[PDB]
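> The structure is given below, and queries will be raised subsequently.
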2 protein chains.
Amino acid sequence: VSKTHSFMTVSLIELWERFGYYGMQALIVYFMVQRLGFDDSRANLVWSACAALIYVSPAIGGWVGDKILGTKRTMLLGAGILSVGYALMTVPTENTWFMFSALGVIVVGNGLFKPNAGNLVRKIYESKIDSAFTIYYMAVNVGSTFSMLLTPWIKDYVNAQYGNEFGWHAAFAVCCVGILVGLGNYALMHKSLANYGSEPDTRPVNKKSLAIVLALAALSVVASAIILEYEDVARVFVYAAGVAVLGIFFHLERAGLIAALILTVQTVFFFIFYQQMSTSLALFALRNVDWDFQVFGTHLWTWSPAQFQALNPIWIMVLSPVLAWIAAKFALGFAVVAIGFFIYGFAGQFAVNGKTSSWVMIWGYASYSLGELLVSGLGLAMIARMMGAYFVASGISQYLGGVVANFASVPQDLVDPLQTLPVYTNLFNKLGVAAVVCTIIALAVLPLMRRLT
Amino acid sequence: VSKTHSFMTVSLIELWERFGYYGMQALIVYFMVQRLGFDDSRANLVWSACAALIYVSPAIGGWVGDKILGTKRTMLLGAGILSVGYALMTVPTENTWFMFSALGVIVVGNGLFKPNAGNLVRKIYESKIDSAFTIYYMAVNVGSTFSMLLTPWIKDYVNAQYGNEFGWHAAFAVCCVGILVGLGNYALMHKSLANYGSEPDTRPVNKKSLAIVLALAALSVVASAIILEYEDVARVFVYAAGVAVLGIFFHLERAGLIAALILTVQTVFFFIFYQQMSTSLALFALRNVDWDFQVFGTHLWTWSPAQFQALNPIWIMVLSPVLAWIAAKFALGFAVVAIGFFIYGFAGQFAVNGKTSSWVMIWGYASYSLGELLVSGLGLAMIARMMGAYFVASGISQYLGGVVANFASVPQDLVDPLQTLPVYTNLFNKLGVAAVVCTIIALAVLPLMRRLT
Ligand SMILES: CCCCCCCCCCCCO[C@@H]1O[C@H](CO)[C@@H](O[C@H]2O[C@H](CO)[C@@H](O)[C@H](O)[C@H]2O)[C@H](O)[C@H]1O
Ligand SMILES: CCCCCCCCCCCCO[C@@H]1O[C@H](CO)[C@@H](O[C@H]2O[C@H](CO)[C@@H](O)[C@H](O)[C@H]2O)[C@H](O)[C@H]1O
Ligand SMILES: CCCCCCCCCCCCO[C@@H]1O[C@H](CO)[C@@H](O[C@H]2O[C@H](CO)[C@@H](O)[C@H](O)[C@H]2O)[C@H](O)[C@H]1O
Ligand SMILES: [Zn+2]
């Protein structure tokens, strides 16, 4: 029919999918701590392990979509599988193996969904795909803004009208019906727009490969769940992945991909900072920020700590037209990040009563997410001048980011915000210095970049 | 004889002039504070006012040499005049007006000396005026290394075998015989190499203009001494020079020199940091650094605080071959300066007994002088794509650097190093952050400099 309409339909189902995902993510760490009983260094570790799993998932899921089931049918199967993930997260049980399974299913289902939705935009436009992708990208941010703005307060609201359960589970149900929404959306527009796109979708579904792909999926859910439950297992598996990427690198001309080596170590650093906002900045928000947001000197409104993360896509959309108006922008990325961290770093020496900051979150997220904005060029074709080595590197860096968040973990018997503030600002300051170390590294590695050219 | 020997003589007489000068500088703030009774916020202001004067002096002096007296005879005359400056500084009196005159004389005499020695370096080579000038720069650094290592130690030694005066005046006498040394050098070589160079030096010396410039020079010493002694005077004329450069800029195609504007405001900041090392870091060294230097883990040796500043040219020599082996190099400069300030910033939370660091000076100074090195592109030809506006902004920034240095001034009645440590590391840490803002400014202003091209 057109390329814009199927770019539309794929961007819509994308949008609702991410709605579900990020709504879920903000609440997931606060859940592991506040409703489940987890201390915060387990909370970080489990979340980061599940994060790395999630980030490194679309490798296999993509290969399954491209060459085994259809790209569309795989994308759909992902959609169903995560409708079921959130569905699980919705049953009111305080048993971790249940939640851990639910997270396992989201890992599997996500690996099946997103490389294939992205792949379909990519097939819809043959070039203009980058514009397409940026448009695509913005769909993401909008969905996730609303999701994150929404889900915590559903939990808040419900935890207020009823006792502790659901509340959280209500929110996870919101996620679920977000996925479901995106699915009805997809059907109608299924044939409406999607029509031509995929490769092994041109022939009828090989039910043995469907079977075996399902079986292996459930297995992956169990494997995931045993990675999440047992910290030491996950840590070993991450470490193995580490010695693996070091293998691939140390046996893989020298100037261009010692430049590539440097590039992905700098990728890893960047992701550690990025991981900081699910985890350490989240707990600092929960523990040390006046949730009363005043526009000096009005009142409204009053944050729910989780909602702070919505400032991320918000600022992205906000700064997206401004930037509309050369690996030196890594340097800039890192520098601006450094300054975000220093903003939280001096969340202490100004506007403090123990629990006080508020605007520290806003400007922090501006600086940080701006940094993210100036590095949307970390595709691997950009260390070309291999999906595996870098994707695993990057997953490994999600987990690592969780352990750094653990460099600022607070005891559960320590509830005096007056004493927890220092711990968080100490982390944040040494990250800000780290981000400047990293800016130095970037700018210093730019001579190798025009010795290759 | 050859152009290499006349580059040789001008570099030799240069080296010794700079010898006298920097021996004097290190010792000058410690003098105003320890032997004179000045508190450090006066010591900072007075030394910084003298600094700005010194830096903008070579304007008049360069033109006097080019267009009124000879370039050779003006350089020489500058030399005599600073023989007399340091000579003055050596007479043992605690008289403020006395010293201030001595400094006035150093200003006059410098303005006559350095622009002309440098000018004739530039006539000796007719593109390897660049090779010549970097060699020249190295001659400078080595000389100032000798003096900075020597004179403080003289001051200590003589202050030990005799009572309070000389010690210091002894050190300044050392400077004076440094100038005198360089002068004998020049005599011999007077005719030997220097021979041809200058414009109004080809005809016999016009004694009306000799008499009138000497007279105006005496005046320059009185105007100087009164700008230094009375702090408020200096601050008024500094302010005046301020409204002047702000004028000239904002009534003085727009994109390239709004970029030039940005470039010189970052030069201005840069000079503030660099001034931090005569001042706040010097006092910090004198007050909160274990002067016993240990190379893990024997004893040798034991510093004199002033001698710490010798680390500046030392590292320059040490790292200048390293760099032997793109105004983003301004960005990098700022970033590296930044971690220098963070090294001193966490000179406390590391290695502390009250008065403790030692290596902090070394690594900090390593970092600073690396930054200085990587920004040798602050020629005014680098904001072409104006001697005055840039020079005056730059002097004004010497003084400003003095007032920031003052953001860490300590009461004279406060001698508990345990309390003086925080004041200094707080200055230093937030300078480091400011320096990351400047890294961000520079990288951010690089699109303007590729729109000029
Ligand atoms: C339909 C298109 C999407 C439009 C953009 C997205 C809309 C956002 C939906 C959710 C936003 C609401 O989520 C936010 O949560 C906090 C606290 O939990 C609420 O805070 C509220 O509860 C507390 C507790 O009684 C009150 O004292 C407070 O005055 C009140 O503001 C806010 O009312 C709300 O701003
Ligand atoms: C492709 C689609 C995939 C969809 C898969 C969805 C299925 C998910 C199943 C969720 C059920 C989890 O089931 C869970 O099993 C574990 C065993 O490890 C039990 O484990 C339990 O017993 C042991 C006894 O020693 C306790 O110490 C432990 O703390 C406790 O959690 C849980 O009580 C049970 O609730
Ligand atoms: C041409 C290149 C020039 C670069 C090198 C120039 C050489 C240096 C010139 C003079 C060096 C003196 O600089 C240094 O100062 C300190 C402190 O006063 C001295 O310290 C000395 O006196 C003190 C006090 O009794 C002792 O504790 C110490 O053990 C002893 O070494 C050292 O003797 C010296 O190492
Ligand atoms: Zn800091």
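Ordering of the structure tokens sets the chain letters (A, B, ...), residue numbers begin anew at 1 in every chain, and ligands are numbered from 1 in the order given.
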Residues within 6 Å of ligand 2, counting only C-alpha atoms and all ligand atoms: report them as JSON, numbers by chain.

{"A": [95, 97, 98, 101, 105, 214, 217, 218, 221]}

> Quick one: everything within 6 Å of stretch 65-70 of chain A, counting only C-alpha atoms, minus sequence neighbours fewer than 6 positions away in the same chain. Send it as a ChimeraX atom specification.

/A:198,200-201

> Just the residues within 9 Å of residue A:282, please, counting only C-alpha atoms, with nothing from its chain fewer than 3 positions along; format it as an MDAnalysis selection string.

chainID A and resid 26 29:30 276:279 285:287 305:306 308:309

> Store the residues picked out above, limited to C-alpha atoms, as a PDB file, in the first residue's frame.


```pdb
ATOM      1  CA  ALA A  26      11.331   1.469  36.604  1.00  0.00           C
ATOM      2  CA  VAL A  29      14.027  -2.299  40.758  1.00  0.00           C
ATOM      3  CA  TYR A  30      11.816  -0.480  43.225  1.00  0.00           C
ATOM      4  CA  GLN A 276      23.595   3.823  36.769  1.00  0.00           C
ATOM      5  CA  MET A 277      20.243   5.341  36.189  1.00  0.00           C
ATOM      6  CA  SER A 278      18.119   2.076  36.630  1.00  0.00           C
ATOM      7  CA  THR A 279      19.954   1.329  39.763  1.00  0.00           C
ATOM      8  CA  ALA A 285      16.026   9.112  44.113  1.00  0.00           C
ATOM      9  CA  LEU A 286      13.954   6.923  46.398  1.00  0.00           C
ATOM     10  CA  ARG A 287      16.075   7.715  49.383  1.00  0.00           C
ATOM     11  CA  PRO A 305      10.652   8.357  42.647  1.00  0.00           C
ATOM     12  CA  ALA A 306      10.246   5.890  39.725  1.00  0.00           C
ATOM     13  CA  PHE A 308      12.203  10.361  37.455  1.00  0.00           C
ATOM     14  CA  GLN A 309      13.325   7.969  34.718  1.00  0.00           C
TER      15      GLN A 309
END
```

> Give me, as a ChimeraX atom specification, the set of residues whose atoms come within 9 Å of any atom of ligand 3, counting only C-alpha atoms and all ligand atoms.

/B:142-157,291-292,299-305,307,310,314

> Take the residues from that selection and put them in a file with N, CA, C and O atoms, as a short mmCIF file (atom, residue, chain, number, x, y, z; two decimals), in the first residue's frame.


```cif
data_model
loop_
_atom_site.label_atom_id
_atom_site.label_comp_id
_atom_site.auth_asym_id
_atom_site.auth_seq_id
_atom_site.Cartn_x
_atom_site.Cartn_y
_atom_site.Cartn_z
N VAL B 142 64.13 25.15 30.56
CA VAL B 142 65.29 24.63 31.24
C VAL B 142 65.79 25.73 32.21
O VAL B 142 65.94 25.47 33.41
N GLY B 143 65.98 26.95 31.71
CA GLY B 143 66.48 28.01 32.56
C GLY B 143 65.66 28.17 33.83
O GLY B 143 66.20 28.19 34.97
N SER B 144 64.35 28.24 33.63
CA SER B 144 63.45 28.52 34.75
C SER B 144 63.45 27.28 35.69
O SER B 144 63.27 27.43 36.90
N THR B 145 63.67 26.09 35.14
CA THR B 145 63.90 24.93 35.99
C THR B 145 65.12 25.19 36.90
O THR B 145 65.02 24.98 38.12
N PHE B 146 66.26 25.64 36.34
CA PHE B 146 67.45 25.84 37.20
C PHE B 146 67.17 26.79 38.33
O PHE B 146 67.58 26.54 39.46
N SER B 147 66.50 27.91 38.01
CA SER B 147 66.28 28.97 39.00
C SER B 147 65.29 28.54 40.07
O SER B 147 65.42 28.89 41.25
N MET B 148 64.25 27.85 39.63
CA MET B 148 63.21 27.42 40.55
C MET B 148 63.75 26.32 41.46
O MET B 148 63.31 26.22 42.61
N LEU B 149 64.62 25.45 40.95
CA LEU B 149 65.31 24.51 41.85
C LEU B 149 66.30 25.18 42.80
O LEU B 149 66.42 24.78 43.96
N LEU B 150 67.01 26.19 42.30
CA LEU B 150 68.10 26.84 43.04
C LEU B 150 67.67 27.88 44.10
O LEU B 150 67.97 27.73 45.28
N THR B 151 67.02 28.95 43.65
CA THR B 151 66.75 30.09 44.52
C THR B 151 65.96 29.79 45.82
O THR B 151 66.25 30.39 46.87
N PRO B 152 64.97 28.89 45.76
CA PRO B 152 64.26 28.66 47.02
C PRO B 152 65.19 28.05 48.03
O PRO B 152 65.16 28.37 49.22
N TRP B 153 66.06 27.18 47.53
CA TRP B 153 66.96 26.44 48.38
C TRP B 153 68.01 27.41 48.93
O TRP B 153 68.42 27.27 50.08
N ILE B 154 68.39 28.41 48.14
CA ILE B 154 69.27 29.46 48.65
C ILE B 154 68.59 30.20 49.77
O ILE B 154 69.18 30.45 50.82
N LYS B 155 67.31 30.51 49.57
CA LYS B 155 66.56 31.28 50.55
C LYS B 155 66.49 30.53 51.87
O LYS B 155 66.71 31.12 52.93
N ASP B 156 66.24 29.22 51.79
CA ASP B 156 66.21 28.38 52.98
C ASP B 156 67.58 28.34 53.65
O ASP B 156 67.69 28.56 54.86
N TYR B 157 68.61 28.06 52.85
CA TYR B 157 69.97 27.84 53.37
C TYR B 157 70.53 29.08 54.09
O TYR B 157 71.03 29.01 55.24
N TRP B 291 56.41 17.86 52.68
CA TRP B 291 57.58 18.20 51.89
C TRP B 291 58.63 17.10 51.81
O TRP B 291 59.70 17.30 51.22
N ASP B 292 58.36 15.95 52.39
CA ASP B 292 59.35 14.90 52.25
C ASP B 292 58.81 14.07 51.09
O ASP B 292 57.66 13.61 51.08
N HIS B 299 63.63 7.29 51.47
CA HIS B 299 63.43 8.68 51.97
C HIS B 299 63.54 9.90 51.01
O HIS B 299 62.76 10.83 51.14
N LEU B 300 64.49 9.90 50.06
CA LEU B 300 64.93 11.15 49.40
C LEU B 300 63.97 11.84 48.41
O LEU B 300 63.33 11.17 47.59
N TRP B 301 63.88 13.18 48.46
CA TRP B 301 64.60 14.03 49.40
C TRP B 301 63.55 14.76 50.25
O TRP B 301 62.52 14.19 50.57
N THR B 302 63.79 16.04 50.56
CA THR B 302 62.81 16.85 51.30
C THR B 302 62.63 18.22 50.61
O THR B 302 63.55 19.05 50.57
N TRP B 303 61.42 18.45 50.09
CA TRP B 303 61.12 19.67 49.33
C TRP B 303 61.21 20.99 50.10
O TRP B 303 61.04 21.03 51.33
N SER B 304 61.48 22.05 49.36
CA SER B 304 61.08 23.40 49.75
C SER B 304 59.90 23.73 48.84
O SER B 304 60.03 23.63 47.62
N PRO B 305 58.76 24.10 49.44
CA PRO B 305 57.45 24.30 48.80
C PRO B 305 57.53 25.06 47.47
O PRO B 305 56.89 24.66 46.49
N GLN B 307 59.92 25.15 45.39
CA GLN B 307 60.54 24.26 44.41
C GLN B 307 59.51 23.36 43.72
O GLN B 307 59.76 22.86 42.62
N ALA B 310 58.80 24.22 40.17
CA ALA B 310 59.82 23.83 39.18
C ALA B 310 59.33 22.64 38.41
O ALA B 310 59.83 22.36 37.33
N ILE B 314 59.93 21.27 34.29
CA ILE B 314 60.42 19.90 34.34
C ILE B 314 59.55 18.93 33.52
O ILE B 314 60.01 18.35 32.51
#
```

> Kindly determine which residues of chain B lie within 12 Å of chain A, considering only C-alpha atoms, and give the answer as a PyMOL selection string.

chain B and resi 323+325-343+345-346+349+367+371+374+426+429-430+432-447+450

> Compare A:348, A:401, A:388, A:204 by their minimum atom-to-atom distance to ligand 4, counting only C-alpha atoms and all ligand atoms, and give me the closest one.

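Closest residue, counting only C-alpha atoms and all ligand atoms: A:348.
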
> Using only C-alpha atoms, which protein or nucleic acid residues come within 10 Å of residue A:246? Drop anything in the same chain fewer than 4 positions from it, and give the result as a list in words.

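Residues meeting the cut-off are residues 240, 241, 242, 250, 251, 252, 261, 389 and 393 of chain A.
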
> How would the residues just chosen look if you wrote them out with C-alpha atoms as a PDB file, in the first residue's frame?


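Written output follows (out15.pdb):
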```pdb
ATOM      1  CA  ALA A 240      32.865 -16.243  30.996  1.00  0.00           C
ATOM      2  CA  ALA A 241      31.345 -13.907  28.421  1.00  0.00           C
ATOM      3  CA  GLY A 242      34.201 -11.567  29.394  1.00  0.00           C
ATOM      4  CA  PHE A 250      43.132 -10.770  21.507  1.00  0.00           C
ATOM      5  CA  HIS A 251      43.264 -13.056  18.486  1.00  0.00           C
ATOM      6  CA  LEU A 252      41.668 -10.585  16.085  1.00  0.00           C
ATOM      7  CA  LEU A 261      39.269  -2.078  20.795  1.00  0.00           C
ATOM      8  CA  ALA A 389      31.965  -9.541  20.359  1.00  0.00           C
ATOM      9  CA  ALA A 393      30.800  -6.652  25.527  1.00  0.00           C
TER      10      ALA A 393
END
```

> Identify, on the basis of only C-alpha atoms, every residue whose closest approach to residue A:104 does not exceed 8 Å; exclude the query and any residue fewer than 6 positions from it along the same chain; express the result as a VMD selection string.

chain A and resid 50 85 220 to 225

> Between atom CA of residue A:205 and atom CA of residue A:123, what is the distance, to one decimal in Å?

20.2 Å

> Tell me, as a list in words, which residues lie within 12 Å of residue A:188, counting only C-alpha atoms; anything in the same chain fewer than 6 positions away does not count.

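Surrounding residues, per the criterion: residues 6, 9, 10, 12, 13, 181, 182, 194 and 195 of chain A.
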
> Quick one: write out the picked residues with N, CA and C atoms as a compact mmCIF listing (two decimals), in the first residue's frame?


```
# COMPACT_ATOMS: atom_id res chain seq x y z
N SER A 6 3.38 1.18 6.63
CA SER A 6 3.91 0.02 7.31
C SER A 6 5.06 0.44 8.20
N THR A 9 2.68 1.20 11.11
CA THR A 9 2.24 0.06 11.89
C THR A 9 3.40 -0.56 12.69
N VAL A 10 4.58 -0.68 12.10
CA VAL A 10 5.70 -1.24 12.85
C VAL A 10 6.13 -0.25 13.95
N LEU A 12 4.10 1.71 15.55
CA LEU A 12 3.08 1.69 16.59
C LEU A 12 3.25 0.48 17.49
N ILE A 13 3.35 -0.70 16.89
CA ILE A 13 3.54 -1.87 17.74
C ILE A 13 4.87 -1.74 18.52
N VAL A 181 -2.48 -4.23 23.66
CA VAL A 181 -2.91 -3.11 22.82
C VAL A 181 -2.11 -3.08 21.54
N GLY A 182 -0.79 -3.13 21.69
CA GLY A 182 0.11 -3.12 20.55
C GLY A 182 -0.19 -4.29 19.63
N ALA A 194 1.77 -4.30 6.90
CA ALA A 194 3.01 -5.11 6.88
C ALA A 194 3.29 -5.93 5.61
N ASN A 195 2.26 -6.57 5.04
CA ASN A 195 2.34 -7.25 3.73
C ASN A 195 3.69 -7.85 3.29
```

> So which bits of stretch 27-175 of chain A end up alpha helix (DSSP H) when you DSSP the backbone, as a compact mmCIF listing (two decimals) with C-alpha atoms, in the first residue's frame?


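Final file, selection19.txt:
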```txt
# COMPACT_ATOMS: atom_id res chain seq x y z
CA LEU A 27 9.00 -0.42 38.80
CA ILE A 28 11.13 -3.60 38.69
CA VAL A 29 14.03 -2.30 40.76
CA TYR A 30 11.82 -0.48 43.23
CA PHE A 31 9.87 -3.79 43.44
CA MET A 32 12.80 -6.00 44.11
CA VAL A 33 13.62 -3.72 47.06
CA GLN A 34 10.28 -2.46 48.47
CA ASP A 40 19.92 -3.16 47.22
CA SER A 41 23.14 -4.87 46.09
CA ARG A 42 21.23 -8.02 45.19
CA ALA A 43 18.56 -5.83 43.63
CA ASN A 44 21.17 -4.13 41.42
CA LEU A 45 22.88 -7.42 40.64
CA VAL A 46 19.73 -9.27 39.66
CA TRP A 47 18.40 -6.41 37.67
CA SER A 48 21.72 -5.99 35.86
CA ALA A 49 22.02 -9.66 35.13
CA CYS A 50 18.50 -9.67 33.68
CA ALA A 51 19.51 -6.46 31.85
CA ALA A 52 22.60 -8.03 30.21
CA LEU A 53 20.49 -11.07 29.30
CA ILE A 54 17.93 -8.74 27.73
CA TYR A 55 20.47 -6.67 25.84
CA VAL A 56 22.31 -9.71 24.51
CA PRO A 58 18.19 -10.04 20.20
CA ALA A 59 21.23 -11.69 18.64
CA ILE A 60 19.68 -15.15 18.64
CA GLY A 61 16.17 -13.78 18.32
CA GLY A 62 17.15 -11.98 15.13
CA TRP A 63 18.76 -15.03 13.59
CA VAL A 64 15.61 -17.01 14.38
CA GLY A 65 13.45 -14.31 12.76
CA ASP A 66 15.52 -13.85 9.61
CA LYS A 67 16.21 -17.41 8.70
CA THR A 71 10.64 -11.98 10.52
CA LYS A 72 7.02 -10.97 11.11
CA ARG A 73 6.02 -14.26 12.76
CA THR A 74 9.06 -14.17 15.03
CA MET A 75 8.27 -10.54 15.95
CA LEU A 76 4.72 -11.61 16.77
CA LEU A 77 5.84 -14.65 18.78
CA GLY A 78 7.99 -12.25 20.77
CA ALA A 79 4.90 -10.05 21.30
CA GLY A 80 2.85 -12.98 22.63
CA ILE A 81 5.69 -14.20 24.78
CA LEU A 82 6.05 -10.85 26.56
CA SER A 83 2.29 -10.41 26.92
CA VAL A 84 2.76 -13.62 28.95
CA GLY A 85 5.86 -12.25 30.80
CA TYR A 86 3.96 -9.23 32.10
CA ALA A 87 0.97 -11.46 32.63
CA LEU A 88 3.13 -13.44 35.09
CA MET A 89 4.46 -10.32 36.78
CA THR A 96 11.02 -14.89 43.77
CA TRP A 97 11.16 -17.97 41.43
CA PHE A 98 7.88 -16.78 40.03
CA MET A 99 9.15 -13.23 39.39
CA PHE A 100 12.46 -14.63 38.10
CA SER A 101 10.58 -16.83 35.69
CA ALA A 102 8.52 -13.82 34.58
CA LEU A 103 11.79 -11.94 33.89
CA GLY A 104 13.09 -15.01 32.11
CA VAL A 105 10.10 -14.96 29.74
CA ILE A 106 10.61 -11.28 29.12
CA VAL A 107 14.22 -11.97 28.18
CA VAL A 108 13.18 -14.71 25.67
CA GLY A 109 10.19 -12.79 24.29
CA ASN A 110 12.19 -9.62 23.88
CA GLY A 111 15.00 -11.30 21.94
CA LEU A 112 12.23 -12.54 19.65
CA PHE A 113 10.47 -9.22 19.26
CA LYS A 114 12.77 -6.32 18.86
CA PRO A 115 15.52 -7.28 16.34
CA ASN A 116 12.67 -8.26 14.08
CA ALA A 117 10.59 -5.08 14.49
CA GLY A 118 13.71 -3.08 13.76
CA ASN A 119 14.44 -5.40 10.90
CA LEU A 120 11.00 -4.65 9.47
CA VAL A 121 11.52 -0.88 9.43
CA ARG A 122 14.79 -1.71 7.74
CA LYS A 123 13.02 -3.79 5.11
CA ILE A 124 10.25 -1.17 4.65
CA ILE A 129 15.95 4.33 6.80
CA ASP A 130 17.97 6.51 9.13
CA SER A 131 15.35 9.19 9.12
CA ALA A 132 12.89 6.33 9.43
CA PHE A 133 14.82 4.98 12.38
CA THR A 134 15.00 8.36 14.10
CA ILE A 135 11.26 8.72 13.70
CA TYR A 136 11.11 5.15 14.94
CA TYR A 137 13.35 6.14 17.86
CA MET A 138 11.02 8.96 18.85
CA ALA A 139 8.02 6.59 18.86
CA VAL A 140 9.99 4.65 21.49
CA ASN A 141 10.60 7.64 23.68
CA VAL A 142 7.02 8.83 23.56
CA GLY A 143 5.62 5.44 24.47
CA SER A 144 8.12 4.98 27.25
CA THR A 145 7.58 8.51 28.58
CA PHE A 146 3.92 7.82 29.04
CA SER A 147 4.61 4.38 30.41
CA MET A 148 7.05 5.54 32.99
CA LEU A 149 4.94 8.59 33.89
CA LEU A 150 2.02 6.23 34.28
CA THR A 151 3.02 2.92 35.82
CA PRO A 152 4.42 3.95 39.22
CA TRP A 153 1.43 5.99 40.09
CA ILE A 154 -0.95 3.14 39.18
CA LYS A 155 1.02 1.15 41.73
CA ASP A 156 0.95 4.13 44.07
CA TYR A 157 -2.72 4.70 43.47
CA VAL A 158 -3.62 1.05 43.86
CA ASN A 159 -1.32 0.51 46.83
CA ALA A 160 -3.30 3.34 48.32
CA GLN A 161 -6.80 2.02 47.60
CA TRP A 168 2.85 -3.40 41.85
CA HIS A 169 1.03 -6.18 40.09
CA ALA A 170 -1.62 -3.69 38.91
CA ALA A 171 1.24 -1.79 37.21
CA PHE A 172 2.67 -4.94 35.63
CA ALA A 173 -0.90 -5.61 34.38
CA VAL A 174 -0.86 -2.14 32.79
CA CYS A 175 2.31 -3.24 30.98
```

> Taking only C-alpha atoms and all ligand atoms into account, name the residue in A:352, A:233, A:311, A:177 that is nearest to ligand 1.

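The answer is A:311, which sits nearest to ligand 1.
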